[PDB]
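Quick notes on the structure that follows.
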Amino acid sequence: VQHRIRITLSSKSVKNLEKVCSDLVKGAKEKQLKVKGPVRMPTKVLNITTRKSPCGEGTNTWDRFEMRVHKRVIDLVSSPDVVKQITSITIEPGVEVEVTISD
Amino acid sequence: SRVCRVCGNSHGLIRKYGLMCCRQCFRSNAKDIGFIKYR
Amino acid sequence: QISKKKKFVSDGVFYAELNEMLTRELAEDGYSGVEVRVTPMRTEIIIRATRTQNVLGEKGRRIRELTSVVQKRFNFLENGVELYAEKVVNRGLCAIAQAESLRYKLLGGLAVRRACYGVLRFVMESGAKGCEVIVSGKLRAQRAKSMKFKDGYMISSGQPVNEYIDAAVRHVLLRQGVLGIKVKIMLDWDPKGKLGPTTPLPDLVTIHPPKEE
Amino acid sequence: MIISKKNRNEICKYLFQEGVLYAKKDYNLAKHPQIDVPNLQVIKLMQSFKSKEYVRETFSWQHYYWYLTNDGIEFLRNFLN
Amino acid sequence: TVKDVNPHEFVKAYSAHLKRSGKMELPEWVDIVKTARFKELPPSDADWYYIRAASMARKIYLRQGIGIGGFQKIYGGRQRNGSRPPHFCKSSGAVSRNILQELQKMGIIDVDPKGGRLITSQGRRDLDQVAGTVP
Amino acid sequence: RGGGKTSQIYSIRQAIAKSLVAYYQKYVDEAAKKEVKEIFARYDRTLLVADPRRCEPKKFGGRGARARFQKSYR
Amino acid sequence: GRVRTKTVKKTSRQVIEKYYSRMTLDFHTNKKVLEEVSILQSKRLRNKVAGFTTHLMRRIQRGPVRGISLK
RNA sequence: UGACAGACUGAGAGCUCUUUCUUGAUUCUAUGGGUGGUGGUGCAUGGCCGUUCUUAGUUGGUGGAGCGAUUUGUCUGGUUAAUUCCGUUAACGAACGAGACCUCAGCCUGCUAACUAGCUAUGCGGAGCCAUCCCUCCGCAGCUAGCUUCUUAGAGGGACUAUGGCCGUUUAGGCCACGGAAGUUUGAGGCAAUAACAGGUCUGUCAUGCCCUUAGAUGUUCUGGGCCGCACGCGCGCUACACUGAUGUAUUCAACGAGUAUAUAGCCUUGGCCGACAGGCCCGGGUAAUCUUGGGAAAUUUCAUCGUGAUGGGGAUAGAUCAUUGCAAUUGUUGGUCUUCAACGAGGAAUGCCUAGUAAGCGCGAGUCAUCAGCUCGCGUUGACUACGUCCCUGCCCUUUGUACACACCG
Ligand SMILES: [Mg+2]
Ligand SMILES: [Mg+2]
Ligand SMILES: [Mg+2]
Ligand SMILES: [Mg+2]
Ligand SMILES: [Mg+2]
Ligand SMILES: [Mg+2]
Ligand SMILES: [Mg+2]
Ligand SMILES: [Mg+2]
Ligand SMILES: [Mg+2]
Ligand SMILES: [Mg+2]
Ligand SMILES: [Mg+2]
Ligand SMILES: [Mg+2]
Ligand SMILES: [Mg+2]
Ligand SMILES: [Mg+2]
Ligand SMILES: [Mg+2]
Ligand SMILES: [Mg+2]
Ligand SMILES: [Mg+2]
Ligand SMILES: [Mg+2]
Ligand SMILES: [Zn+2]
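Protein chains in written order, with the authors' numbering: chain ma, 24 to 126; chain wa, 18 to 56; chain ia, 4 to 216; chain da, 1 to 81; chain ra, 18 to 152; chain la, 76 to 149; chain qa, 2 to 72.
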């Protein structure tokens, strides 16, 4: 009856992801569910350094590109339909949801 | 036998994270992919 | 199964190939950008242009062409991905549209300076805080030279450059050389968000009037 | 280019059913996706349709996007239909 | 016990203990080996084999789940490559594996479930008893 | 956890010194720790308050924080 | 190096004009007062402006003062 | 169009030939037109990048002055890191640059939390021991927490020269002092104006004008060789010339990043076993704060051996063999084992970088990558000497002044 359903959230955006994150939490808090979140995960930072020039001339100058990636986790003690009954609100642009059934 | 997915150049190639871009075509498309130059 | 790093790069490269593919075709259509959304059971490609009847073709023939070859090329489940054609709420605030308009004028044979001032006043009459246009190439003479047309306000440094400037670069292949077009358009503070950005310039202040009671 | 009538016929079958097609710059891959062909016959007969403007060819930065055009559907109609 | 006593002076005591704790077997390759790829000479000391044992009988006592591919690291060190820059170098596993083999046969350590090498119930006793026998 | 050898000894110094006054603040007396603090502070000021000093990032054009590659003209 | 620039200087005079009696000598109250009579984009700049309204209001409270016109 | 054997040829390329099959209007022949080109021209160009130039500089409108080029605004002065300010004022009012801004670091026993982070308590389990319990170190699970100090990551808080003193047109600002995590804009970076350079890039780009060639090709493809060759001169570096050390024990402390179906385990690889090292065979974990890895890093710290000796400093050169990567190791890919034991005794005239977690020392990760890192980009570890100044040399900005200079004193 009462399972272990984990929702995993990743994105490139701090503000945008916590919009969804908190809404899911307040979504299910209005149902008084056992909501164990959000567990906040170390931010991954993809990186590329490339030489600015297309010809290898001049003072060698480097630009450090990078990408922040943020990792969020929510626990719900609920059903496979109660999870989907909640997680139907408008997912804001780009935010990744990958709910799966944990152990 | 590895070239840029954009231009087909054999040099200065970036396989890191699986972009397979040359160091120049990447710079041309860097912000579009979403690599922000924060620093 | 694919990891998060390879995932986020995969989405990013898809956008670029798509957006740099939506320029080969919708050149003489006023293409301005693409919004690649991913919904449950559906993935959006919100093409947006300043001439919508052109991209649709006749009775949605061209859009059929576009959705299916995108379908096939990037290995989506068939009936998965969709393409849509919005219209840009303002034309002057998008340098992509203005650069391509300026390109097509020069190609056709309008005088060069007639085109640049025409673009410049249009963008300003569209509501921009400022505009800047640069043309560089061989005009009438073998030695190359560059012309710069500027109007209104314009910033160049700091962080607010990213959130207030809409800039485009387009090549033009006029016979006997290449004239590159740079259109730098400055936006205005728009709290609604639909035309311009939402936060103001970092050194803009508003001291509220001292109401009396 | 010497394409067999069999190999020719399988190119244009796909043209009618779908309307669009896409090769790469990759020469002699020996197996096109979505059809059976070594990718050179497709590429160099799209050029035959493009030369006679039955396909509209966006060269798509050496990545070969093609849309079949009304001028050539009538002409390709009289071959396998 | 083990932690109140100097991790150096104690192991001298335990190196004098595996001499006279009866005895065990001992390789017919013991006196030639350099114990690592990067070493210059074999260990100087004649009774180094028991010191390596005593030093490595505290490893499992103070840890758990160490294989041979990790025991190599614990005794590795810097490697000078002459002209080219020096690096880290991982020591040899034949020496490390065999020390485990002996103490296995002697009831100080055992093979470990979940992978590794784990201390014995009664081996903990002597490593704590001889520990008490240090100043 | 972390640091090196020397940094840890300067760390345990504060951990011991600070932990005493926090215990004294919470459990002995507030004005019986004013004596304790001025013992620690009149000796060294860094038994209660850390160093903000950290490893300045490396920048290109050289292999150090400030050091630059050697320059040659001819 | 901490020479206050035009924005901090100009706003500081102007903000006193509209609200003189409402201010005080407390930097933090002045920081809070300045918070609810304006819209700004950085707290560092807010303290700089509130920093140039605090002692400025000593020299106003002490003697006369330039362009700022106190009723 | 495609092919059998042999000749011809490295070629099991049918390339050409002997010969006679096989495919069927696809083509082949010429005129014309296209196409491709890492072919030329960066002095025809775009785009990008560097540099002038790391400094504080640049420009309209209206008004003033001059026949005019031009000028004023944009300044005598004080101040500032700053054309940043106080002010001045034939200018007034504006636009860029500077600042603001943005990112990581430095404080938060306050907030949201968190079994993919983890203390704390208690249950047991192992040991020592005045031992029976208690005291100590340890391993395993939980409705243990009025758990979040430690970790992650969100919110916001905090510093503003705020308060005090002396200085100053007592203005702008300067020096200092208690407090504080923090008082060079707290630290370091990102962005960064106008005008230019015949700066570099046509060899990044089916970006590109013109020219060259276009089937006996400057097109593509394959084999092999070269880019690595060695009298010599130059630049960035690695390793040293030792005892503040080499070697051999024992001891043990980080941080940033990384793991493309990788095919039938496979990129990172734990643990078991074989093996002297090298490397194998086996069971597996992880698309990852979960497994690798809490990355058990080195210098360092101990204890011995060496003893002023080109020595055991140093490790070039070379001989023999083994193993791994790959389709292939030869002009040694690299990693092992034994042996060989060179120059070098702190480097002439010259000359580079550098002002606090800095220089210098030490190692690690990432890029390239099948294999190869003496490189570059980052990371952490130990951690100073010196200075708190000047315009002397080299240059930069502004003013005044002289010029027979304007491709502008390299005149
Ligand atoms: Mg060294
Ligand atoms: Mg060629
Ligand atoms: Mg040039
Ligand atoms: Mg150029
Ligand atoms: Mg005038
Ligand atoms: Mg006049
Ligand atoms: Mg004027
Ligand atoms: Mg700064
Ligand atoms: Mg180019
Ligand atoms: Mg070379
Ligand atoms: Mg260099
Ligand atoms: Mg030696
Ligand atoms: Mg040593
Ligand atoms: Mg490497
Ligand atoms: Mg100085
Ligand atoms: Mg004179
Ligand atoms: Mg002259
Ligand atoms: Mg002269
Ligand atoms: Zn490319």
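In this text, a Cβ means the ideal position worked out from N, Cα and C, and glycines have one as well.
For the structure I just gave you, are there three or more beta carbon pairs, one from the segment 110-129 of chain ra and one from the segment 58-76 of chain ra, closer than 8 Å?
Contact between the segment 110-129 of chain ra and the segment 58-76 of chain ra is present, because at least three Cβ pairs lie under 8 Å.
Using the C-alpha atoms, what's the distance from wa/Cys42 back to wa/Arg19?
Rounded to the nearest angstrom, the two C-alpha atoms are 15 Å apart.
Find the residues of chain ia that neighbour ma/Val92, judging by a C-beta separation of less than 7 Å, and give them in chain order.
Residues of chain ia passing the Cβ test: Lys7 and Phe11.
Taking beta-carbon pairs under 7 Å, can you tell me which members of the segment 191-211 of chain ia lie near chain qa?
Taking 7 Å as the Cβ-Cβ cut-off against chain qa, the residues of the segment 191-211 of chain ia that qualify are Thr202, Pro203, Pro205, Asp206, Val208, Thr209, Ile210 and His211.
Going along chain da, which residues have a C-beta under 8 Å from ia/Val115?
Those do not exist, as ia/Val115 stays about 28 Å from chain da at its closest Cβ, beyond 8 Å.
Nearest CA to the CA of ma/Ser76: which residue from wa/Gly35, wa/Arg44, wa/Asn26 and wa/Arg22?
The shortest C-alpha separation from ma/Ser76 is found at wa/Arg44.
Taking the beta carbon of da/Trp66 as the centre, do at least 16 other beta carbons fall within 10 Å, making it buried, or is it exposed?
With 16 or more Cβ atoms within 10 Å of its Cβ, da/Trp66 is classed as buried.
Please determine, among la/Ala92, la/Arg141 and la/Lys146, the residue with the shortest C-alpha to C-alpha distance to la/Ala116.
Among la/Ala92, la/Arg141 and la/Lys146, the Cα nearest to that of la/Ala116 is on la/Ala92.
Got a sec? Which residues, its chain only, sit under 8 Å from ia/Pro205 by beta carbon, not counting five neighbours each side?
Within the same chain, ia/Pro205 has close Cβ partners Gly161, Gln162 and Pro163.
Step through the CB atoms of chain da and report whether any lies within less than 8 Å of the CB of ia/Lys75.
At least one chain da Cβ lies under 8 Å of ia/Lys75.
qa/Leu26: which of qa/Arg67, qa/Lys7 and qa/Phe53 sits nearest, CA to CA?
Taking only the C-alpha atoms, the option nearest qa/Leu26 is qa/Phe53.
What residue range is occupied by the uninterrupted beta strand (DSSP E) comprising residue 233 of chain ia?
Residue 233 of chain ia is absent from the structure shown; chain ia starts at 4 and stops at 216.
For the segment 99-110 of chain ma against the segment 51-59 of chain ma, are there 3 or more C-beta pairs whose distance is under 8 Å?
Yes, the segment 99-110 of chain ma touches the segment 51-59 of chain ma.
Could you please give me the residues that DSSP links to da/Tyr22 through a beta bridge?
Paired residues: da/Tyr65.
Against chain ma, with Cβ distances strictly below 8 Å, would la/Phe135 count as a contact?
Yes - at least one Cβ of chain ma is within 8 Å of the one on la/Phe135.
What would DSSP say about ia/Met127, mapped onto helix, strand or coil?
Here ia/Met127 sits in helix by DSSP.
Can you look up residue 144 of chain ma in the DSSP assignment and give me helix, strand or coil?
Residue 144 of chain ma lies beyond the range of chain ma shown here (24 to 126); nothing can be said about it.
Just reading off the beta strand (DSSP E) that ra/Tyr78 is part of, what are its end residues?
Where ra/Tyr78 is concerned, there is no enclosing beta strand (DSSP E), although the alpha helix (DSSP H) it sits in stretches over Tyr66 to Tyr78.
Which chain wa residues sit within Cβ distance under 9 Å of ma/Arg29?
In chain order: nothing, as chain wa lies at least about 26 Å away.
What residue ranges within the segment 67-140 of chain ia form continuous alpha helix (DSSP H) runs of no fewer than 4 residues, ordered along the chain?
DSSP runs (the alpha helix (DSSP H)) wholly in the segment 67-140 of chain ia: 98-111 and 115-128.
Per DSSP, what kind of secondary structure is ia/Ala144 in: helix, strand or coil?
Looking at ia/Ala144 - three-state DSSP - the assignment turns out to be coil, as it is neither helix nor strand.
Would you say ia/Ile158 and ia/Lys187 are within 8 Å of each other, going by their C-beta atoms?
Not a contact, by the Cβ cut-off of 8 Å.
Closer than 7 Å, Cβ to any Cβ of chain ia: which residues of the segment 23-51 of chain qa, in chain order?
Within the segment 23-51 of chain qa, the residues whose Cβ lies closer than 7 Å to some Cβ of chain ia are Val38, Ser39, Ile40, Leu41, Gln42 and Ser43, listed in chain order.
Using the C-alpha atoms, what's the distance from ia/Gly199 back to ia/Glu166?
Cα to Cα, the separation comes out at about 9 Å.
What residues in its chain sit with their C-beta under 6 Å from that of ra/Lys122, if we drop five residues either side in the sequence?
Nothing listed; no residue qualifies.
Ligand 1 heavy atoms versus the CB of ra/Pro130: any closer than 7 Å?
No, Cβ of ra/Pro130 sits at least 7 Å from all heavy atoms of ligand 1.
Can you list, in chain order, the residues of its chain whose CB lies under 7 Å from that of ma/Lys42, leaving out five sequence neighbours each side?
Closer than 7 Å at the Cβ level, and outside the excluded window around ma/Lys42, lie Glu115.
Buried or exposed: which applies to da/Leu45, given that a residue is buried once 16 or more other Cβ atoms fall within 10 Å of its Cβ?
With 16 or more Cβ atoms within 10 Å of its Cβ, da/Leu45 is classed as buried.
Could you list the residues in the segment 38-50 of chain ia with a C-beta less than 7 Å from some C-beta on chain ma, going in chain order?
So the close ones are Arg40.
Closer than 8 Å, CB to CB, is ma/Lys35 near chain wa or not?
By this cut-off, ma/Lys35 is an interface position.
I'd like to know if the segment 134-144 of chain ia and the segment 67-76 of chain ia are in contact, where contact means that at least 3 CB-CB pairs between them fall below 8 Å.
Because the criterion of three Cβ pairs below 8 Å is not met, the segment 134-144 of chain ia and the segment 67-76 of chain ia do not touch.
Which partner residues does ma/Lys57 have in the DSSP bridge list?
Paired residues: ma/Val100.
With 16 other CB atoms within 10 Å as the buried threshold, where does ia/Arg51 fall?
Buried.
Closest to da/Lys31 by CA distance: which of da/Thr69, da/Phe79 and da/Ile11 is it?
Nearest C-alpha to da/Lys31: da/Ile11.
Rounded C-beta distance between ia/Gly83 and ia/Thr55? I'm assuming under 8 Å.
The pair is not a contact, with the Cβ atoms about 24 Å apart (cut-off 8 Å).
Is there a C-beta anywhere in chain da that falls below 8 Å from the one on ia/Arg54?
ia/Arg54 does not count as touching chain da.
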